[PDB]
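Asks: A single structure is presented below for examination.
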Amino acid sequence: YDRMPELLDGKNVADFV
Amino acid sequence: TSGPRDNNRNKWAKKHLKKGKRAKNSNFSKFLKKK
Amino acid sequence: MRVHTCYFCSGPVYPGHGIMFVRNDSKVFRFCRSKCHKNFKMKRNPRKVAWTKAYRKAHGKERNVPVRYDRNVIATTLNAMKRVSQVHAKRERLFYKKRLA
Amino acid sequence: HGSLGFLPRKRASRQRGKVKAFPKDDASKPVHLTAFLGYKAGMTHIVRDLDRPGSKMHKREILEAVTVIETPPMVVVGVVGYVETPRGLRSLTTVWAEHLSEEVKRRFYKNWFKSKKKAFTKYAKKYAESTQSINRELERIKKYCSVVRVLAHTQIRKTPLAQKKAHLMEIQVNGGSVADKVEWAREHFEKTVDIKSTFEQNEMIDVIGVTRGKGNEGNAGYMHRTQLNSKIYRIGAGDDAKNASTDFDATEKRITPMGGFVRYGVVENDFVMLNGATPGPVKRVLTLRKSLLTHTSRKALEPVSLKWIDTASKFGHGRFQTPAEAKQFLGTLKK
Amino acid sequence: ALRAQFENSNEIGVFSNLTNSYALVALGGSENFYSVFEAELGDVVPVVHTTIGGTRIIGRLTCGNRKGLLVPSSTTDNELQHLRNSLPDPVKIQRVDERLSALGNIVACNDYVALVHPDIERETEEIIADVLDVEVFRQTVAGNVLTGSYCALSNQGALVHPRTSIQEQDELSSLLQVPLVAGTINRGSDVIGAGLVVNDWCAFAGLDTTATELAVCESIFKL
Amino acid sequence: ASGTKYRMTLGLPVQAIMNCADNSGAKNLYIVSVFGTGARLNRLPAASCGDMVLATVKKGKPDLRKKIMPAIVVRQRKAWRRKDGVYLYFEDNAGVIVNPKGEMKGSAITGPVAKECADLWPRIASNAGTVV
RNA sequence: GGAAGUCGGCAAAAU
RNA sequence: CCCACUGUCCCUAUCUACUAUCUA
RNA sequence: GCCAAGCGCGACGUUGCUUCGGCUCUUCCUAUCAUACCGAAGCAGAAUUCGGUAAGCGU
RNA sequence: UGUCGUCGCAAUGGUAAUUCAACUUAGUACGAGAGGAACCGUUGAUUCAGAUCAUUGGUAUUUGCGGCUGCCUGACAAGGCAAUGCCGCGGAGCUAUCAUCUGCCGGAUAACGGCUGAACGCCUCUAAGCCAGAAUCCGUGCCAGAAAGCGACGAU
RNA sequence: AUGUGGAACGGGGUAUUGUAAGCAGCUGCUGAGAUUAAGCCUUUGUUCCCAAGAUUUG
């Protein structure tokens, strides 16, 4: 039910996790 | 199509004021009021 | 939400910014600005173009598998991202000092 | 030509957009305000999730241009009572606060520097000496007047504007009995009312202001206009460093774009982000008012959760949100 | 064989994709189609109402089997995360960066054998073999490169265009190791895959599919 | 057609020669009129990606020429802004020769296909090769 | 986009 | 008639000088 | 012509036969093409036909 | 109107929104079948109107930067040039259904459908009365503010 | 009419162009240099300026 950060600090958190 | 002065449209606007409006806006004003 | 890399300057391309171009080969070119979009148009090679990252890379000057959501993993990834960037910044500073020397 | 409802096309007779209609009063609703005054800074573009049922972009994201208006908290310096007469509303009397800041005192003078700064001197003297006159006037308003409007002025010093005169105006106090409005005004005397207390970023409001002049055309421009149904996307707090940082983006940043707002400066106080364009150029004062008539369709009712807010250099072809990540990507400079 | 129509279109295969372990439905449209699909397979296999590339063409864009699924490179990172969250962990999901993103319209795949378009990339074929764990054959259906759109493939039978030769139909059936029928669906609509989707135990056809077409599909699939 | 279509930058007006992307053998398509045009004074009707207009086969086989019959534009030269904010422009103006019901007359389509056009016309998406 | 303008390739650019 | 070309047009937009304006 | 209430006509009925010319433009009229609402018709539904109110808005 | 200024009141004048197809209600009402509605709710698009310049395109006297040609200083370099010599990019501004936003609510009626009800011991939508009812009408909202309409307030 | 006052420059931020002169053996110093409000932002930087003339007003 909680959301997650897609991109942060210029980097895609979803694509780098 | 009917214009914005369509008598039925005004009637349906009146009906929907107390359905999807009014109460949820009054307490919305109340919340920032008690703030 | 993906911040893409431009074809020509290799810089970050954000939503709304720049232009998107599709080739008949179904290959997609993203441009960070009109200058870089135009620079592709008369077909200047980035590596010969002085201010491009490709030039600065090849001149000595410098996940398709989905993952199930996990709060701990996301928190660990976010915390490690700042440390990785800090390490990269320190390495770049040392490289810049070596280049100056 | 255009619509005949806007002629005679002549210059607006006021720099500040004056409210011509306030929402109807209700005794059932308790006592609150309806209008606010802000200054236009510019706009950016944002990426927002689309929770629009029945639409073809449902559960998707779109890019919207959104105007940023700096709205420092407004100071209530007085109250005005209006009595209904067979010839319309009439200002029965006016009661001011004891101490008025130089920002609102500068309004009464064309040359504040050359002035002797004599505004409200004897008024402050009589306020401190005897409060019976103030009690008599407030009792007069709550007994006879049926409409109550509070005199409020903007803290123009906090805004990065060379102008030092505050745009004093009146906010109609809609809600509760007339006595309730009078008590509310007296309690809020000399204090500050915040836009966070007035609007709450999910309602449907109207913005009014004077458009920018285009010179002489074959008069065209600088006219009073009223935009209806301008949705607030975010009432950001100036003190908070997460004002321009959403939940899907993190990346601690400020609403002021890197390089500063073009011809306005840096936003430091509470700001309001409205979808679409709004009349007037940068650094011009704009007025916001509530919805006169209740109409919340799906567009005006759906909740909004921002995903990413652009802060690139609007001056020129900006390509970096913050100098931090700009230095992370770009090689280390010689300095 | 169940008759259903998404919105006002009889090409149910365009707006939805059916596998032997999971089902996908379009997002942002009418919930009636999703309810119809859930009424026949909701209690058997999971059904995910999602979109690929921000369009309702996920049925002809995504190709896969009960083991693994493939999505085009245009799929968003959030969309891929949503698909992985909705789909079961044993159902592998992989992104394919191919010159022809229409995986469902280029390649028709079963649980054991798959037929791909003639111009499929070697890397794409290797990824398909690794993920779907099926033998990939580079051939054509009825002389058309759009094998995945002009042919319907399943575990118990296959459907091809009726204009194919008898020898060609026999060769395709032997290659697919399953019975093949050269016919039409949705009253002459030559795109069998677009006009009908068949699972291992059930099949869904458009509302305009004729009774003779429905009977032929039932006989071919033995459902 | 099926589903709504958003406002789009118009860049294919009347009197336009426009490439044919199908396998039917046609080479050039000639725009005659645009379906669903309003009563706008001194305004040339125009077409965009995903729009179906009356077209004539200029270069092709003798039997498909000389027929004022619908064609759907799939590629557009002029840059347009999609509602997601990105700007797209294609090399050429490609079209598909289509019956007025909305079914692909040909059997194969050459070149990339606009995502809005594939979404709008299910038959086009079925016969599309790549949609980028 | 390319003469759809106008009674009309008048003037420009093309060569 | 075909091909090419172009603000003739859709549909106008911007820039420059002069004019236009005021002052003696 | 036949009737022919009536005041020699004689109504309604009935018998025969057969230079001008057009672009833009502004408003205006309704004797309404479309849009809105009604009435009728073997008007099942849909698509119509006829007839009203109606110049707000287009054409 | 003492004078100046601020905040307002509103007599009066003008007015603006238009049309379409898509979803759902449906393959239901209805129909031997062929076919096939509509209301509420919802999303888009045309025409028009009022704005705006985040993004995109256009614009070049930013004579901003770079490149080219030619000219002038004996040479090198160094510069400066050339009615704006030529070319590429080019902020800022302007601008574009070539870019983006927004476009409102009440009653009163006509046609017409009725209620009570006499005239005329029956009856009758009409005579006295009263409802329902058109994109119509009048307001609201929007623009202007009487430069010989006005109020409150501050200072003197 | 002495102040988070103003103006001249200057620094920094930001932008446009495309790696400057000069030095050495196309490369390095050099994404350096130049320009940057003329209707960009900011300033604990420097200097200077202002605590006035005239007019009208019960």
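Going through the structure tokens in order, the chains are called A, B, and so on, while each chain numbers its residues from 1 and the ligands are numbered from 1 in the order shown.
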Restrict the calculation to only C-alpha atoms (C1' of nucleotides), then for each residue of segment 16-131 of chain E with any atom at most 10 Å from an atom of segment 4-26 of chain J give the closest atom pair and their distance in Å to one decimal, rows by chain and rising residue number, as a tab-separated table.

Replies:
residue	atom	partner	partner_atom	distance
E:29	CA	J:23	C1'	7.9
E:30	CA	J:23	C1'	7.4
E:31	CA	J:24	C1'	9.9
E:32	CA	J:24	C1'	9.7

Asks: Any chance you could export the current selection's C-alpha atoms as a short mmCIF file (atom, residue, chain, number, x, y, z; two decimals), in the first residue's frame?

Replies:
data_model
loop_
_atom_site.label_atom_id
_atom_site.label_comp_id
_atom_site.auth_asym_id
_atom_site.auth_seq_id
_atom_site.Cartn_x
_atom_site.Cartn_y
_atom_site.Cartn_z
CA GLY E 29 -11.12 1.15 -20.18
CA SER E 30 -14.26 -0.70 -19.10
CA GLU E 31 -14.14 -2.98 -16.05
CA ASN E 32 -16.75 -5.24 -17.67
#

Asks: Would you kindly return, as a VMD selection string, each protein, DNA or RNA residue with an atom no farther than 12 Å from any atom of residue 2 of chain J, considering only C-alpha atoms (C1' of nucleotides) and excluding same-chain residues fewer than 4 positions away?

Replies: (chain J and resid 156) or (chain K and resid 57 to 58)

Asks: So that I can see what lies close to residue 52 of chain C, please list as a PyMOL selection string the residues with an atom at most 9 Å from it, counting only C-alpha atoms (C1' of nucleotides) and leaving out residues fewer than 3 positions away in the same chain.

Replies: (chain C and resi 8-11+46-49+55-57) or (chain K and resi 31)

Asks: For the contact check between chain F and chain J, emit one row per residue of chain F within 9 Å, containing the shortest atom pair and the distance in Å rounded to one decimal, counting only C-alpha atoms (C1' of nucleotides), chain then rising number order, as a Markdown table.

Replies:
| residue | atom | partner | partner_atom | distance |
| --- | --- | --- | --- | --- |
| F:2 | CA | J:22 | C1' | 7.7 |
| F:3 | CA | J:22 | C1' | 6.0 |
| F:4 | CA | J:44 | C1' | 5.4 |
| F:5 | CA | J:44 | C1' | 6.5 |
| F:6 | CA | J:44 | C1' | 6.6 |
| F:7 | CA | J:45 | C1' | 7.0 |
| F:9 | CA | J:98 | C1' | 7.2 |
| F:10 | CA | J:98 | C1' | 8.3 |
| F:11 | CA | J:98 | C1' | 8.5 |
| F:36 | CA | J:46 | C1' | 8.3 |
| F:37 | CA | J:46 | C1' | 7.3 |
| F:38 | CA | J:46 | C1' | 5.7 |
| F:39 | CA | J:47 | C1' | 7.3 |
| F:40 | CA | J:47 | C1' | 7.0 |
| F:78 | CA | J:98 | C1' | 8.5 |
| F:79 | CA | J:56 | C1' | 8.3 |
| F:80 | CA | J:56 | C1' | 8.3 |
| F:81 | CA | J:56 | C1' | 7.5 |
| F:85 | CA | J:55 | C1' | 7.6 |
| F:86 | CA | J:55 | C1' | 8.9 |
| F:87 | CA | J:56 | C1' | 7.1 |

Asks: Since we have the selection now, will you write its residues out, keeping N, CA, C and O atoms, as a PDB file, in the first residue's frame?

Replies:
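Result file follows (part29.pdb):
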ATOM      1  N   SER F   2     -11.941   3.370 -32.501  1.00  0.00           N
ATOM      2  CA  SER F   2     -12.372   3.042 -31.148  1.00  0.00           C
ATOM      3  C   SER F   2     -11.566   3.870 -30.160  1.00  0.00           C
ATOM      4  O   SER F   2     -10.334   3.904 -30.237  1.00  0.00           O
ATOM      5  N   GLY F   3     -12.260   4.529 -29.240  1.00  0.00           N
ATOM      6  CA  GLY F   3     -11.616   5.352 -28.240  1.00  0.00           C
ATOM      7  C   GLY F   3     -11.426   6.789 -28.695  1.00  0.00           C
ATOM      8  O   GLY F   3     -11.525   7.122 -29.875  1.00  0.00           O
ATOM      9  N   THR F   4     -11.149   7.652 -27.722  1.00  0.00           N
ATOM     10  CA  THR F   4     -10.957   9.067 -27.991  1.00  0.00           C
ATOM     11  C   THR F   4      -9.523   9.342 -28.442  1.00  0.00           C
ATOM     12  O   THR F   4      -8.615   8.524 -28.269  1.00  0.00           O
ATOM     13  N   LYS F   5      -9.328  10.520 -29.033  1.00  0.00           N
ATOM     14  CA  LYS F   5      -8.020  10.959 -29.498  1.00  0.00           C
ATOM     15  C   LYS F   5      -7.801  12.394 -29.047  1.00  0.00           C
ATOM     16  O   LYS F   5      -8.714  13.218 -29.143  1.00  0.00           O
ATOM     17  N   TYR F   6      -6.600  12.689 -28.560  1.00  0.00           N
ATOM     18  CA  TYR F   6      -6.311  14.003 -28.005  1.00  0.00           C
ATOM     19  C   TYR F   6      -6.018  15.004 -29.118  1.00  0.00           C
ATOM     20  O   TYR F   6      -5.727  14.639 -30.260  1.00  0.00           O
ATOM     21  N   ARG F   7      -6.109  16.287 -28.770  1.00  0.00           N
ATOM     22  CA  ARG F   7      -5.766  17.339 -29.716  1.00  0.00           C
ATOM     23  C   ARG F   7      -4.308  17.202 -30.136  1.00  0.00           C
ATOM     24  O   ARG F   7      -3.425  16.953 -29.311  1.00  0.00           O
ATOM     25  N   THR F   9      -1.026  18.345 -33.054  1.00  0.00           N
ATOM     26  CA  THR F   9      -0.502  19.319 -34.000  1.00  0.00           C
ATOM     27  C   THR F   9      -0.781  18.861 -35.426  1.00  0.00           C
ATOM     28  O   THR F   9      -0.414  17.749 -35.818  1.00  0.00           O
ATOM     29  N   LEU F  10      -1.425  19.725 -36.202  1.00  0.00           N
ATOM     30  CA  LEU F  10      -1.846  19.405 -37.558  1.00  0.00           C
ATOM     31  C   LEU F  10      -0.777  19.866 -38.539  1.00  0.00           C
ATOM     32  O   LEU F  10      -0.401  21.042 -38.547  1.00  0.00           O
ATOM     33  N   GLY F  11      -0.292  18.940 -39.364  1.00  0.00           N
ATOM     34  CA  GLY F  11       0.792  19.252 -40.275  1.00  0.00           C
ATOM     35  C   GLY F  11       0.679  18.620 -41.646  1.00  0.00           C
ATOM     36  O   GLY F  11       1.608  18.723 -42.453  1.00  0.00           O
ATOM     37  N   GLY F  36     -14.334  14.712 -40.581  1.00  0.00           N
ATOM     38  CA  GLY F  36     -14.584  15.366 -39.308  1.00  0.00           C
ATOM     39  C   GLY F  36     -13.989  16.752 -39.174  1.00  0.00           C
ATOM     40  O   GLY F  36     -13.409  17.072 -38.129  1.00  0.00           O
ATOM     41  N   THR F  37     -14.117  17.582 -40.204  1.00  0.00           N
ATOM     42  CA  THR F  37     -13.643  18.959 -40.160  1.00  0.00           C
ATOM     43  C   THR F  37     -14.815  19.884 -39.854  1.00  0.00           C
ATOM     44  O   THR F  37     -15.952  19.613 -40.256  1.00  0.00           O
ATOM     45  N   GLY F  38     -14.543  20.946 -39.101  1.00  0.00           N
ATOM     46  CA  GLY F  38     -15.569  21.893 -38.727  1.00  0.00           C
ATOM     47  C   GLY F  38     -15.838  22.923 -39.806  1.00  0.00           C
ATOM     48  O   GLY F  38     -15.206  22.956 -40.862  1.00  0.00           O
ATOM     49  N   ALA F  39     -16.812  23.787 -39.521  1.00  0.00           N
ATOM     50  CA  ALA F  39     -17.165  24.882 -40.424  1.00  0.00           C
ATOM     51  C   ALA F  39     -16.314  26.095 -40.064  1.00  0.00           C
ATOM     52  O   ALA F  39     -16.781  27.085 -39.498  1.00  0.00           O
ATOM     53  N   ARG F  40     -15.032  26.006 -40.403  1.00  0.00           N
ATOM     54  CA  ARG F  40     -14.078  27.079 -40.163  1.00  0.00           C
ATOM     55  C   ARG F  40     -13.803  27.801 -41.472  1.00  0.00           C
ATOM     56  O   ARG F  40     -13.429  27.173 -42.468  1.00  0.00           O
ATOM     57  N   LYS F  78       5.870  16.797 -39.080  1.00  0.00           N
ATOM     58  CA  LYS F  78       5.868  17.908 -38.136  1.00  0.00           C
ATOM     59  C   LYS F  78       5.895  17.402 -36.699  1.00  0.00           C
ATOM     60  O   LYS F  78       5.203  16.444 -36.345  1.00  0.00           O
ATOM     61  N   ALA F  79       6.707  18.056 -35.873  1.00  0.00           N
ATOM     62  CA  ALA F  79       6.822  17.671 -34.475  1.00  0.00           C
ATOM     63  C   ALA F  79       5.539  17.988 -33.718  1.00  0.00           C
ATOM     64  O   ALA F  79       4.924  19.039 -33.915  1.00  0.00           O
ATOM     65  N   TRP F  80       5.140  17.070 -32.841  1.00  0.00           N
ATOM     66  CA  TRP F  80       3.962  17.243 -32.005  1.00  0.00           C
ATOM     67  C   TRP F  80       4.328  16.960 -30.556  1.00  0.00           C
ATOM     68  O   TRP F  80       5.282  16.235 -30.264  1.00  0.00           O
ATOM     69  N   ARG F  81       3.551  17.538 -29.645  1.00  0.00           N
ATOM     70  CA  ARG F  81       3.731  17.320 -28.217  1.00  0.00           C
ATOM     71  C   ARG F  81       2.649  16.366 -27.727  1.00  0.00           C
ATOM     72  O   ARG F  81       1.464  16.713 -27.730  1.00  0.00           O
ATOM     73  N   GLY F  85       4.300  14.989 -22.487  1.00  0.00           N
ATOM     74  CA  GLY F  85       5.266  16.066 -22.483  1.00  0.00           C
ATOM     75  C   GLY F  85       6.397  15.930 -23.479  1.00  0.00           C
ATOM     76  O   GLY F  85       7.076  16.926 -23.757  1.00  0.00           O
ATOM     77  N   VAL F  86       6.623  14.742 -24.023  1.00  0.00           N
ATOM     78  CA  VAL F  86       7.718  14.533 -24.962  1.00  0.00           C
ATOM     79  C   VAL F  86       7.292  14.999 -26.349  1.00  0.00           C
ATOM     80  O   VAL F  86       6.103  15.019 -26.686  1.00  0.00           O
ATOM     81  N   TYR F  87       8.270  15.400 -27.159  1.00  0.00           N
ATOM     82  CA  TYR F  87       8.023  15.865 -28.520  1.00  0.00           C
ATOM     83  C   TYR F  87       8.535  14.850 -29.533  1.00  0.00           C
ATOM     84  O   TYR F  87       9.696  14.433 -29.473  1.00  0.00           O
TER      85      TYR F  87
END

Asks: Determine which residues of segment 40-227 of chain D receive a DSSP assignment of strand (DSSP E or B), computed from the backbone, and state them as a PyMOL selection string.

Replies: chain D and resi 40-50+60-70+74-85+88-96+147-154+169-174+192-193+204-210+213+221+224-227

Asks: Find the residues of chain K that sit at most 7 Å from chain D; for each, write down the nearest two atoms and how far apart they are in Å, to one decimal. Count only C-alpha atoms (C1' of nucleotides). Sort by chain, then by number going up, and give it as a Markdown table.

Replies:
| residue | atom | partner | partner_atom | distance |
| --- | --- | --- | --- | --- |
| K:1 | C1' | D:114 | CA | 6.2 |
| K:13 | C1' | D:259 | CA | 6.6 |
| K:14 | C1' | D:259 | CA | 4.6 |
| K:15 | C1' | D:316 | CA | 5.4 |
| K:40 | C1' | D:262 | CA | 5.4 |
| K:41 | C1' | D:260 | CA | 4.9 |

Asks: Rounded to one decimal, what separation in Å do you get between atom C1' of residue 62 of chain J and atom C1' of residue 7 of chain K?

Replies: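 About the pair atom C1' of residue 62 of chain J and atom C1' of residue 7 of chain K: they are 24.3 Å apart.
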
Asks: Would you mind listing, for every residue of chain B within 9 Å of chain I, the two atoms forming the shortest contact and the distance between them in Å to one decimal, using only C-alpha atoms (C1' of nucleotides), sorted by chain and ascending residue number, as a tab-separated table?

Replies:
residue	atom	partner	partner_atom	distance
B:1	CA	I:35	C1'	6.7
B:2	CA	I:36	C1'	6.3
B:3	CA	I:36	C1'	8.5
B:6	CA	I:36	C1'	8.7

Asks: Which residues are close to residue 75 of chain F, i.e. within 12 Å by only C-alpha atoms (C1' of nucleotides), leaving aside same-chain residues fewer than 4 positions away? Reply as a VMD selection string.

Replies: (chain C and resid 22 to 24) or (chain F and resid 11 to 12 18 to 21 47 to 51 79 to 80 88 to 96 109 to 118 131 to 132)

Asks: Quick one: residues within 12 Å of residue 12 of chain I, only C-alpha atoms (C1' of nucleotides), excluding same-chain residues fewer than 4 positions away - as a list in words?

Replies: residues 3, 4 and 5 of chain I
